[PDB]
Structures are given as C-alpha cells and as structure tokens.
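Report on the structure given below.
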Amino acid sequence: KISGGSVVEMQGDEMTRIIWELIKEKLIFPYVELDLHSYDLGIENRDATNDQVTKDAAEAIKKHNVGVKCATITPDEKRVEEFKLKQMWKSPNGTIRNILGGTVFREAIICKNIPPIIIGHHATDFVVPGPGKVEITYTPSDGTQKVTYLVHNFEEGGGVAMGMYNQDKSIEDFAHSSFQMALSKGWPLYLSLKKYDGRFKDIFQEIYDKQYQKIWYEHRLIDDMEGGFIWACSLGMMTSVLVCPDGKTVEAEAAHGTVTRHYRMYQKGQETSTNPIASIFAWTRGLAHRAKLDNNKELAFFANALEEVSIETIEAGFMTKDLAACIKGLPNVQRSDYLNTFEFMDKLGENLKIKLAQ
Amino acid sequence: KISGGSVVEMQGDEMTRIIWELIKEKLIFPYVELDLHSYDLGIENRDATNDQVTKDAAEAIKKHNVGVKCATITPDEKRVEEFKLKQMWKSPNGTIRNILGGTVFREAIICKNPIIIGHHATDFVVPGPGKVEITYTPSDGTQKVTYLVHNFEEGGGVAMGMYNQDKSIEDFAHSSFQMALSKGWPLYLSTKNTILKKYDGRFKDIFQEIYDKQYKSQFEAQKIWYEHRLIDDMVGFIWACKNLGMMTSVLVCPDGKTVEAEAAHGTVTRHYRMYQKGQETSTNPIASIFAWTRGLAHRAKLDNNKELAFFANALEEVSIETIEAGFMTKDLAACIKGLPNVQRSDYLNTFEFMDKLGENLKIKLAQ
Ligand SMILES: NC(=O)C1=CN([C@@H]2O[C@H](COP(=O)(O)OP(=O)(O)OC[C@H]3O[C@@H](n4cnc5c(N)ncnc54)[C@H](OP(=O)(O)O)[C@@H]3O)[C@@H](O)[C@H]2O)C=CC1
Ligand SMILES: NC(=O)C1=CN([C@@H]2O[C@H](COP(=O)(O)OP(=O)(O)OC[C@H]3O[C@@H](n4cnc5c(N)ncnc54)[C@H](OP(=O)(O)O)[C@@H]3O)[C@@H](O)[C@H]2O)C=CC1
Ligand SMILES: Cc1cc(Cc2ccccc2)n(O)c(=O)c1
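Quick note, the sequences are listed as chains A and B, same order.
Numbering (UniProt numbering) for the first sequence: 4 to 118, 127 to 133, 141 to 210, 216 to 235, 242 to 254, 262 to 269, 287 to 411.
Numbering (UniProt numbering) for the second sequence: 4 to 116, 127 to 133, 141 to 255, 264 to 271, 288 to 411.
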C-alpha cells in the first residue's frame, strides 16, 4: 500500500454518502494508507453539534491543505421539518469558502462517447422611497479629492439603488489562482462597464508580464468564445475545486447535489444508477494535490490511474443510466445498456485492480 | 386575400434585406392585404435622412401598434468607413426602444429534430485608500442618508453605483404579465432576492402587487400561474430574468396593446458578401418569418381577425414542419449531422428553401 498522508475528508448526506463510502472502501483504502482527518457533515450530526463540525472541518483544511467533500443537504423549511432541525443552518459550502477564500473551478469530465473547458467564477443595496439625488462619492485618506458622481436624479418617483466595490488584493488572487491553475494543467488561460470589468484586464496583464512552456494567456469579450483551456469569468460528470490564494490549499468536490430523488428509491429498496464519477474525481483531484505538495511519485501515479480507469470504463461501454440516456435518449434505454450504482462501482474496482496490476 | 390592416414594416440591411423581400414576395403578399406603413431602415436611407426615418418608424409603431423589423446594420468606426456615413449612428432598435419603452422577449423555435426569456451604470476606479459611500438626498428637504459602500484601507480597486426607477420595474412587470396571457404560458420571475434583500426585494414585491391587483383573476381564467423563484431553484413557460436563425425577439410594451417583432440574429454579413460575390448561400429565414407571424398574430388578436389569426398559425406550422420533414438550411443541417459531416444533399440554399416553404403553404392552405 501507499503513503497518502494528511487528508481532510467530509462525509455528506443521502445518496452521495452511500457512494462516498463505497469509493473509499473499494477504490481508495484498498490501495492507499492515509492520515485521515474525518469530519461528519451529515445533516443530523451538523445539527447535533450546532454546525460546529463544519467549522472545525474548515479549520482542518486551512491546516492540512487538502480537502475532499461529499455532497451535503442545505436546509430549507421542508428539511428543517424533515430532520426536525433546530435551525436553518447555513450551507456548509458557504461556511467553508468563507473560511478559506480563493476561487472555484468547474470541469466537465469528458468521456469521448457522450454527446475540456475549466471555468473559474470570481455590495450595499437600498430603497429610494421617492425623488431625490443619489450620488456615489469617494474620499481619499489624504483627502486630496472628493470625486462624487451623480448615480441618478429621481423625479419620476422613487425606486431602488446600490453600491458595488472590489478590492485589488481580491482581483490579484483571482489572477494568481487563475494563472497557477493554468500551469498545473498546461492549458491556455483566457479572461472575458468601462472602468470595472476594465481594471481586471489590467491587473491580469500586470501579473502575467511579471510572474508568468508553449502556452498563452489572453483576453476576450464573452461572445468570441476545440476545447482544453482555463477560463476566468450529465451532472455527475461535473467537478468543482476550490483553489485558495496560497496555491497550496485545495478542496475538491462533486459539482452536483445529494441526489435526493435517487436516495429516496434506495430507501424503498429499488435499484438505482447513480453516477459516481464526479465524486471519484473529487478524490483524485485532491489526492494528486496531496502528491504535488509532498512530491509523492507512487500516489501521484495512482490518482491519475484512477482518473484513467473511470473514463476507460465508460468508454469500453460500461456506464450508469444518466449516461445511457445521453447516448440512447431517455425513452429508449434498455436495462442492459447500463449498470446500477453497485455494479458500476464493481466494474471500476475490477478494472482498477487490473490496471494497477500492470 | 385576407385583409390584415395597419402594419408598420421596416426593411433592413444586407442578407436579411434579401430574405425579407422574398418573405413578402412568396409567403405574405400572395395571401394577405395590408395597409402597409413601410420605412426603409437600410443603412443608406437612414444616413441620407439623418436617421429621421428611424424616428418616424418609431412614432408609427407607437401609433398603429404593430411593428415588424428586418435586421439592420449598427455602425461602428469600421462600417462608417465602408459606407462613408456622415456619423456613427445609434442603433435603430436603441432609438426605437427608447420611444416605445417596454421589455424584449427571445424565443427559441422547437423542431422535434418551449421557453421564452425576458431580461430587463456608474463605474469608476479607486486609486488608493480612502472611503467609498453612496448618498440619497431626498428632493423634499428631509435628512440626507449615507451608506458605507466600503473603506479601502490597503490598496484601491474600483466601485460603482446602480439604480432603477419604480416605473421601469412596473413596466417590466406588465409586459411580462401581458406576455404570459398572450401566450397562455405561466410566468416565473428570478431574482437574487436573498443577497440583494433591499434591491431585488423590490422587483419581487412589485410583481406580486401587480399580479394580485391586476392579473390574478385572468391567470386562473386560463389555468396558469405566476410565481417567484430564486435563480438556482429555477435551473412551456415565460421566464423573467433580472439581468440562431431559430430565435425571435419581441419588444412588448406594458399597455400590452403595442408590440414589435424581429429576428434575433443580425444582418448575416458573411453570407451576404458570399452573395454579392455571386456564390450560393443557405441563410435561415425561419426567425424572420417568425417576426411576421407574431406581428400578424398580434394584429389579429387586436382586431378580432379570426381569418388572419389562422393564417399566422398556419404559416408557423408550415415552417416548423418543412424542417421537421428533412427539408432545411445548412445551419440546421449542421445542427443534426455535425458541421464536418454536412453534405450538399443534406441542405437547401436560401432561395430553394423559400420555394419549399412556398409550395407547402399553398398545400397547407388549400386544406
Ligand atoms: N453540498 C453540495 O455539494 C450540494 C448539495 N445540494 C443539496 O442536495 C439536495 C438535493 O439535491 P438536488 O439538487 O435535488 O439534486 P442534485 O443536485 O443532486 O441533482 C438533481 C438531479 O440531477 C441528476 N443527478 C445529479 N447528480 C447525479 C449523479 N451523481 N448520478 C446520477 N444522476 C445525477 C438526477 O437526475 P434525475 O432527477 O433524473 O434522477 C438528480 O435527481 C438539496 O437538499 C441541496 O441542498 C445541492 C447542490 C450542491
Ligand atoms: N438589427 C438587428 O436586430 C441586428 C443587427 N446586427 C447588425 O448586423 C451586422 C453584421 O452582423 P453579424 O454579427 O456579422 O452577423 P449575425 O450576427 O447575423 O450572425 C452571426 C453569424 O451566425 C450565423 N448566422 C446568423 N444568422 C443566420 C441565419 N439566419 N442562417 C444561417 N446562419 C446564420 C452566420 O455565421 P456562419 O458563417 O457561421 O453561418 C453569421 O455570420 C452588425 O454590424 C450589426 O450591427 C446584429 C445583430 C442584430
Ligand atoms: C448595438 C445594438 C444591437 C442590438 C441587437 C443585438 C445585437 C447583438 C447582440 C445583442 C443584441 N440591439 O438590440 C441594440 O439595442 C443595440
């Protein structure tokens, strides 16, 4: 077995929980020995501990640099009363991002036989009750100006208004996170309201021509946009990763939800077919990041190995039903066109056993 | 020949100009008689008249309530060079939009081989540290109100105001409620109401206030409903967002009487250079055709015109079912068979297609 080392992991809810556990027992643990800081973000436990788990889990990732996360129920009223929760807790993902900062990137994992671009997403509002001047003013600390622009003069009636700002530091991190990400995967980096959308283009350049292999960075406007590039701005084939400012701390995740609908059938004892891909990839993305930070060769090969098998397995035909519908189209899918959740998992572990054997 | 009545029409530019003329020659004029208020919004005539025609065309739609626009060139520094324009004129739609007001509505066109979507600035650079604020002095001498946007203590950055008048939202509301009745589809508004509690909280309210005092009766009188939702709970209906030869844009006014319709794409300059040069092309008319069929549809609703009303639907089918039957333009061919695998014998070119559409409208109509 391999020496994986420090890894913060968070168990989640419902159908993804069940899948998460399988991923571990059938793909991870049979191959890798990890220093595993486990946190249970399952809904009943978060409620029990007053979302405290979540806070510590977050401190843990800050502290160990690697985080993989299972999907977690976010509470609304139906849920507050379904689990008889003592509060409408906030989204765990909300909590974690706050504590960590940095920027999220989503990637569709591309299986050649189904019908890659990596996209990286990145105020005071009030009501005007009636006519009057609304003016957005700026006051240096050495008060040598007093730019104050008129936003609008209301005469019609009242209305609504707001003031959005953005700090340089925060723009820099974006570009940092962006450029770094763009190196790590060796893909062209692109980035897409005069002076605002503006100063962005600026700082990127200033940081490109100062800190950053046959690869380029550029600029565009939305519409102009083969594949295979980073870009600042099925579901079970989507993978979200939070890259922090420091470029050391990473937290990976499936970009879908807890798949309640599927889980509900599971509870009825009905066969399911849930796409483990997005979840598996979150693991590998973090495990390869574990590797990079440690210079662990064996593991670094393993994470890749696992990412490989998962495509090859779908490519050799064997796949889950959501994927079966992309090919066949929902209405005309035979059972014999896909595997259920457990059979799929069985097939991976099998192909993985074998791929790792050579 | 069905009499249609008062119709404002605006001829446009380049490729779309050509298609427009065919659309009238082969599919409209042979079946419908119209009191036509034409205006030529070609770049030439617009220039030669100091964009007066555009302004006239506007005031005329305001008047007769039904405008159908052919796509028109908006000039940029480059276009000006080419045409020797005496100014870089503002977009027609921009000027048209302002005179009539209202909200635009795009509609993708479904062939088995529907969702309508309606959408709706003071930036400046913070050099270094200091304070960014926004004020509201009320015009009635009451106490001036100050909000902190943010204190920049390290570097600078950037900041910006945004605003909106009540009146504008109300208009946004009406147009959408009118739009929902017109279509027989239920309506949804999407906001960032949790984040912009005070801002979007205003849209949501106004939609509700207007829904209940004005439209709740009529919606149920059609077995449909309006509802609010947040942007992620969102992802046969009308969707109000607070923010190709198969795409139809429609300006709807709040009075719900006036309406104006046009193809969403542009003037298709590429095909047109290819056309000037004399090579065959395969431009998609459908979107343009559809401007006519909403325009007519609307007039037919306004004027209690059962015979014209039927014509419109009749045509709308024909276009759909000509594609749905394997007869199509390259862009749609390519949609099915993949750009690299499209062959000549998979599509028909601009003229040939119009013919088929022509031939079929006859048949459909003879029944
Ligand atoms: N913490 C997190 O990571 C997130 C959690 N959530 C939470 O999840 C809960 C319920 O999830 P919900 O949004 O309803 O559904 P999901 O977001 O999990 O996905 C909805 C539908 O997409 C399809 N789908 C998604 N993922 C998969 C997969 N891995 N394999 C197969 N099919 C898939 C299924 O389609 P079909 O209906 O056809 O089966 C599913 O019902 C909510 O309480 C919400 O708070 C939501 C987003 C992110
Ligand atoms: N009046 C109006 O409402 C509008 C006017 N315009 C004006 O038009 C001018 C030029 O337009 P431009 O943006 O170059 O071109 P378009 O925006 O019309 O179209 C962009 C490209 O998409 C494809 N395409 C669009 N419509 C069709 C169709 N019906 N059938 C087949 N293919 C289509 C063509 O590319 P391909 O070669 O890939 O087939 C075309 O080159 C601009 O100066 C602009 O001001 C633009 C938008 C709206
Ligand atoms: C310049 C301009 C263009 C359009 C049409 C348009 C063209 C391309 C993308 C979107 C919309 N409209 O409507 C305007 O008001 C102004």
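For every residue, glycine included, the Cβ atom is placed at its ideal position computed from N, Cα and C.
*asked:* Per the DSSP calculation, residue 41 of chain B is bridged to which residue(s)?
replied: B:12
*asked:* Which residues neighbour ligand 2 when neighbourhood means a C-beta less than 5 Å away from any of its non-hydrogen atoms? List them by chain order.
replied: B:74, B:75, B:76, B:77, B:288, B:289, B:309, B:310, B:311, B:312, B:313, B:314, B:327, B:328 and B:375
*Near residue 141 of chain A, which residues of its chain fall below 8 Å by C-beta distance, leaving aside the five closest residues on each side in sequence?*
180, 181, 182 and 183
*Going straight from the alpha carbon of residue 386 of chain A to that of residue 195 of chain A, what length do you get?*
42 Å
*Taking one C-beta from the segment 12-30 of chain A and one from the segment 44-53 of chain A each time, how about it: are there three or more such pairs within less than 8 Å?*
In short, these stretches touch, since the Cβ pair count reaches three.
*asked:* Quick check for students: name the residue ranges of the beta strand (DSSP E) that lie wholly in the segment 339-395 of chain A, counting only runs of 3 or more.
replied: none
*How would you list, in chain order, the residues of chain A whose beta-carbon sits under 8 Å from the beta-carbon of residue 51 of chain B?*
Ordered by position in chain A, no residue passes the 8 Å Cβ test against residue 51 of chain B, which lies about 31 Å from the chain.
*asked:* Please tell me whether residue 395 of chain A has its Cβ less than 9 Å away from any Cβ of chain E.
replied: The structure shown contains no chain E; the protein chains it does contain are A and B.
*asked:* Any beta carbon of chain B sitting closer than 9 Å to that of residue 301 of chain A?
replied: No, residue 301 of chain A does not count as interfacial toward chain B.
*asked:* Only counting the same chain, and skipping five residues up and downstream in sequence, which positions put a Cβ closer than 8 Å to that of residue 395 of chain A?
replied: 25
*List the endpoints of the continuous beta strand (DSSP E) containing residue 307 of chain B.*
That run of the beta strand (DSSP E) goes 303-307.
_Complete runs of the alpha helix (DSSP H) confined to the segment 36-86 of chain A [at least 4 residues]_ = 46-51, 55-67 and 80-85
*residue 266 of chain B, enclosing alpha helix (DSSP H) - first and last residue*: Segment 265-269 is the beta strand (DSSP E) holding residue 266 of chain B; no alpha helix (DSSP H) there.
*Assess, as a yes-or-no matter, whether the segment 90-102 of chain A is touched by the segment 49-60 of chain A under the definition of 3 or more beta carbon pairs within less than 8 Å.*
yes
*Cα-Cα, which of A:156, A:158, A:176 and A:132 is closest to residue 157 of chain B?*
A:176
*Can you pull the chain B residues whose beta carbon is under 7 Å from the beta carbon of residue 262 of chain A, in chain order?*
Neighbours of residue 262 of chain A on chain B: none; closest Cβ ~13 Å, over 7 Å.
*asked:* 9 Å is my cut-off, CB to CB: does residue 218 of chain B come that close to chain A?
replied: yes
_Does the CB of residue 151 of chain A have a neighbour CB from chain B at under 9 Å?_
yes
*residue 94 of chain B beta carbon near ligand 3 (any heavy atom closer than 8 Å)*: Within the cutoff, so yes.
*Cβ atoms of residue 62 of chain B and residue 41 of chain B: under 9 Å apart, would you say?*
no
*Partner residues on chain B for residue 170 of chain A, Cβ-Cβ distance less than 7 Å*: 183
*Using 8 Å as the cut-off, classify the Cβ of residue 100 of chain B as near or not near the heavy atoms of ligand 3, replying yes or no.*
yes
*Quick one: what does DSSP say residue 144 of chain B is sitting in, helix, strand or coil?*
strand
_Quick check on residue 154 of chain A: does DSSP put it in helix, strand or coil?_
strand
*Report the three-state DSSP secondary structure of residue 293 of chain A (helix, strand or coil).*
strand
*Under the three-state DSSP convention, the category residue 254 of chain B falls into*: helix
_Which residues in chain B have a C-beta closer than 9 Å to the C-beta of residue 100 of chain A? List them in chain order._
Those within 9 Å of residue 100 of chain A in chain B number zero; the least Cβ separation is about 14 Å.
*Taking buried to mean at least 16 other C-beta atoms within 10 Å of its own C-beta, is residue 338 of chain B buried or exposed?*
buried
*On a CA-only basis, which of B:214, B:398, B:60 and B:343 is nearest residue 28 of chain B? Give me that one, please.*
Ranking the options by Cα distance to residue 28 of chain B, first place goes to B:398.
*Inspect the beta-carbon positions of residue 404 of chain B and residue 368 of chain B and report whether they are closer than 9 Å.*
no
*Where does residue 133 of chain B fall in DSSP's three states?*
It is coil, neither helix nor strand.
*Could you tell me which of A:336, A:84, A:326 and A:221 sits nearest to residue 23 of chain A, measuring between CA atoms?*
A:336
*asked:* Please identify the residue among A:320, A:190, A:299 and A:411 whose C-alpha is closest to the C-alpha of residue 230 of chain A.
replied: A:190
*What does residue 108 of chain A pair with, by DSSP beta-bridge criteria?*
A:131 and A:294
*asked:* Which residues in chain B have a C-beta closer than 8 Å to the C-beta of residue 165 of chain A? List them in chain order.
replied: 144, listed in chain order.
_Bounding residues of the beta strand (DSSP E) (the contiguous stretch that carries residue 116 of chain A)_ = First-last for residue 116 of chain A: undefined, no H or E at that position.
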